[PDB]
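Pasted below: protein.txt, compact mmCIF, C-alpha atoms and all ligand atoms.
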# COMPACT_ATOMS: atom_id res chain seq x y z
CA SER A 1856 0.00 0.00 0.00
CA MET A 1857 1.00 3.67 -0.03
CA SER A 1858 4.58 3.98 1.28
CA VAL A 1859 4.65 0.22 2.11
CA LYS A 1860 6.57 -1.72 -0.53
CA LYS A 1861 7.30 -5.42 -0.67
CA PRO A 1862 10.88 -6.00 -1.61
CA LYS A 1863 10.88 -6.82 -5.33
CA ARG A 1864 12.74 -9.13 -7.61
CA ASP A 1865 15.53 -7.81 -9.78
CA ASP A 1866 13.77 -7.60 -13.16
CA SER A 1867 16.72 -6.10 -15.03
CA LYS A 1868 17.45 -9.40 -16.82
CA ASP A 1869 13.87 -10.25 -17.79
CA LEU A 1870 14.00 -8.79 -21.31
CA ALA A 1871 17.13 -10.78 -22.18
CA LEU A 1872 15.84 -13.98 -20.53
CA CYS A 1873 12.44 -13.89 -22.30
CA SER A 1874 14.21 -13.21 -25.61
CA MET A 1875 16.45 -16.28 -24.96
CA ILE A 1876 13.41 -18.44 -24.13
CA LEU A 1877 11.64 -17.29 -27.25
CA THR A 1878 14.76 -18.04 -29.37
CA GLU A 1879 14.84 -21.57 -27.91
CA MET A 1880 11.21 -21.97 -28.81
CA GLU A 1881 11.68 -20.58 -32.34
CA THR A 1882 14.48 -23.12 -32.99
CA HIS A 1883 12.59 -26.14 -31.62
CA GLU A 1884 11.77 -28.74 -34.30
CA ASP A 1885 8.08 -28.65 -33.34
CA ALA A 1886 7.84 -24.83 -33.63
CA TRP A 1887 6.76 -24.91 -37.31
CA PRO A 1888 3.06 -24.49 -36.67
CA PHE A 1889 3.74 -21.34 -34.64
CA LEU A 1890 6.41 -19.34 -36.44
CA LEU A 1891 4.04 -17.08 -38.44
CA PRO A 1892 0.42 -15.95 -37.95
CA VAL A 1893 -2.24 -18.41 -39.15
CA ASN A 1894 -3.17 -17.23 -42.61
CA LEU A 1895 -6.85 -16.24 -42.40
CA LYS A 1896 -7.34 -16.84 -46.13
CA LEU A 1897 -5.80 -20.33 -45.97
CA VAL A 1898 -7.56 -21.65 -42.90
CA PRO A 1899 -11.40 -22.13 -42.85
CA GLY A 1900 -12.80 -21.17 -39.42
CA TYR A 1901 -9.76 -19.47 -37.92
CA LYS A 1902 -10.85 -15.86 -38.09
CA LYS A 1903 -14.28 -16.35 -36.53
CA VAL A 1904 -13.26 -18.98 -34.00
CA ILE A 1905 -9.98 -17.57 -32.56
CA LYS A 1906 -10.64 -14.13 -31.14
CA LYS A 1907 -7.03 -13.28 -30.29
CA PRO A 1908 -4.55 -14.89 -32.64
CA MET A 1909 -0.94 -15.02 -31.55
CA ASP A 1910 2.31 -16.59 -32.87
CA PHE A 1911 6.10 -16.54 -32.24
CA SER A 1912 6.88 -13.83 -34.78
CA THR A 1913 4.20 -11.52 -33.36
CA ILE A 1914 5.60 -12.15 -29.90
CA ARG A 1915 9.11 -11.45 -31.19
CA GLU A 1916 8.02 -8.14 -32.72
CA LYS A 1917 6.22 -7.13 -29.52
CA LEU A 1918 9.29 -8.08 -27.41
CA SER A 1919 11.74 -6.25 -29.73
CA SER A 1920 9.60 -3.08 -29.58
CA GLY A 1921 8.86 -2.70 -25.86
CA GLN A 1922 5.26 -3.83 -26.00
CA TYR A 1923 5.49 -6.15 -22.93
CA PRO A 1924 5.33 -4.17 -19.73
CA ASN A 1925 6.56 -7.16 -17.74
CA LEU A 1926 7.34 -10.93 -17.71
CA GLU A 1927 3.81 -12.02 -17.10
CA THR A 1928 2.35 -10.25 -20.13
CA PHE A 1929 4.99 -12.09 -22.18
CA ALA A 1930 4.00 -15.49 -20.69
CA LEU A 1931 0.29 -14.70 -21.35
CA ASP A 1932 1.02 -14.26 -25.09
CA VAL A 1933 3.08 -17.50 -25.20
CA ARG A 1934 0.28 -19.40 -23.45
CA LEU A 1935 -2.26 -17.81 -25.84
CA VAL A 1936 -0.42 -19.41 -28.76
CA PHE A 1937 -0.91 -22.88 -27.21
CA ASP A 1938 -4.46 -22.26 -25.97
CA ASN A 1939 -5.52 -21.18 -29.44
CA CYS A 1940 -3.81 -24.25 -30.84
CA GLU A 1941 -5.81 -26.49 -28.55
CA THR A 1942 -9.06 -24.76 -29.29
CA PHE A 1943 -8.61 -25.16 -33.03
CA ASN A 1944 -6.72 -28.45 -33.45
CA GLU A 1945 -7.40 -32.04 -32.46
CA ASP A 1946 -4.96 -33.36 -29.81
CA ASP A 1947 -4.27 -36.23 -32.27
CA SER A 1948 -3.11 -34.03 -35.17
CA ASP A 1949 0.54 -33.13 -35.89
CA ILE A 1950 -0.24 -29.52 -35.03
CA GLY A 1951 -2.18 -30.47 -31.87
CA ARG A 1952 0.78 -32.61 -30.70
CA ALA A 1953 3.26 -29.84 -31.50
CA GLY A 1954 1.33 -27.43 -29.33
CA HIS A 1955 1.30 -29.80 -26.34
CA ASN A 1956 5.04 -30.44 -26.77
CA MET A 1957 5.86 -26.72 -27.11
CA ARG A 1958 3.77 -25.77 -24.10
CA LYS A 1959 5.55 -28.37 -21.94
CA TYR A 1960 8.90 -27.13 -23.25
CA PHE A 1961 8.02 -23.50 -22.51
CA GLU A 1962 6.69 -24.05 -19.00
CA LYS A 1963 9.83 -25.89 -17.89
CA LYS A 1964 12.09 -23.09 -19.21
CA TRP A 1965 9.74 -20.60 -17.53
CA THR A 1966 9.87 -22.30 -14.10
CA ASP A 1967 13.61 -22.97 -14.40
CA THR A 1968 14.38 -19.37 -15.39
CA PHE A 1969 12.10 -17.35 -13.09
CA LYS A 1970 10.78 -19.47 -10.20
CA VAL A 1971 14.28 -21.00 -9.65
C1 LIG A 2001 1.12 -19.59 -42.44
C2 LIG A 2001 -0.05 -20.57 -42.62
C3 LIG A 2001 -0.01 -21.77 -43.18
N1 LIG A 2001 -1.26 -22.25 -43.09
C4 LIG A 2001 -1.90 -23.53 -43.52
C5 LIG A 2001 -1.42 -24.77 -42.71
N2 LIG A 2001 -2.04 -24.68 -41.31
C6 LIG A 2001 -3.26 -25.14 -41.06
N3 LIG A 2001 -3.58 -24.91 -39.77
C7 LIG A 2001 -2.54 -24.23 -39.23
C8 LIG A 2001 -2.54 -23.90 -37.89
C9 LIG A 2001 -3.61 -23.80 -37.09
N4 LIG A 2001 -3.19 -23.55 -35.84
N5 LIG A 2001 -1.84 -23.54 -35.90
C10 LIG A 2001 -0.96 -23.31 -34.75
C11 LIG A 2001 -1.45 -23.76 -37.14
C12 LIG A 2001 -1.58 -24.09 -40.18
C13 LIG A 2001 -0.36 -23.47 -40.06
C14 LIG A 2001 -0.31 -22.16 -39.60
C15 LIG A 2001 0.86 -21.44 -39.43
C16 LIG A 2001 2.06 -22.04 -39.74
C17 LIG A 2001 3.27 -21.39 -39.60
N6 LIG A 2001 4.34 -20.78 -39.46
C18 LIG A 2001 2.06 -23.37 -40.25
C19 LIG A 2001 0.85 -24.07 -40.42
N7 LIG A 2001 -2.02 -21.37 -42.50
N8 LIG A 2001 -1.29 -20.33 -42.19

Could you write out this structure as structure tokens?
Ligand SMILES: Cc1cn(CCn2cnc(-c3cnn(C)c3)c2-c2ccc(C#N)cc2)nn1
Amino acid sequence: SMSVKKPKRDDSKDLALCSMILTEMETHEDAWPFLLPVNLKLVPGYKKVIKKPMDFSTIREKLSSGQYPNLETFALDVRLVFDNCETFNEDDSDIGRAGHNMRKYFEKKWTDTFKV
């Protein structure tokens, strides 16, 4: 509250660390469904069904240009990529499996980097 601050974590490295995480995700073999926005002319349903599209390149642009106020807003966008993927794709598709794999990969890096 006013004039009563919790000590707070050094956040000076967050930009660099999120960039490194994102780079590791971009170079993962299963990142191919996620590298560019879903093309709304190529994919029947996508536009109407997925209210807030997101993808690695859009995250990279936002990161590179100071559009994430903090760590958590970055993790929300990453999770949005995988949540959209689950909403739109069957678990038993190549894309559905990629999303599950990439989410698991991300959350471990996230916990390893920031919780520990
Ligand atoms: C780009 C692009 C390519 N395509 C057609 C192949 N495709 C069909 N569904 C998807 C999709 C749906 N959800 N997700 C995560 C991917 C894709 C697809 C979309 C983007 C990319 C890339 N980069 C690759 C395949 N659509 N947009």

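Here CA of residue 1957 in chain A stands at a distance of 14.7 Å from atom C14 of ligand LIG 2001 (chain A).
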
Nearest-residue call for ligand LIG 2001 (chain A), choices A:1866, A:1962, A:1916, A:1910, using all atoms listed in the file: A:1910

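When CA of residue 1941 in chain A is paired with CA of residue 1882 in chain A, their separation reads 21.0 Å.
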
Close residues to ligand LIG 2001 (chain A) using only C-alpha atoms and all ligand atoms, limit 10 Å, as a VMD selection string: chain A and resid 1886 to 1901 1905 1908 to 1912 1936 to 1944 1949 to 1951 1953 to 1954

Selected residue, from A:1926, A:1876, A:1919, A:1862, that lies nearest to residue 1967 in chain A when counting all atoms listed in the file: A:1876

Residues near residue 1873 in chain A, cut-off 10 Å, all atoms listed in the file, skip fewer than 6 positions along chain, as a VMD selection string: chain A and resid 1879 1915 1918 1926 1929 to 1930 1964 to 1965 1968 to 1969

Nearest residue to residue 1875 in chain A from the set A:1971, A:1903, A:1961, A:1928 (distances using only C-alpha atoms): A:1961
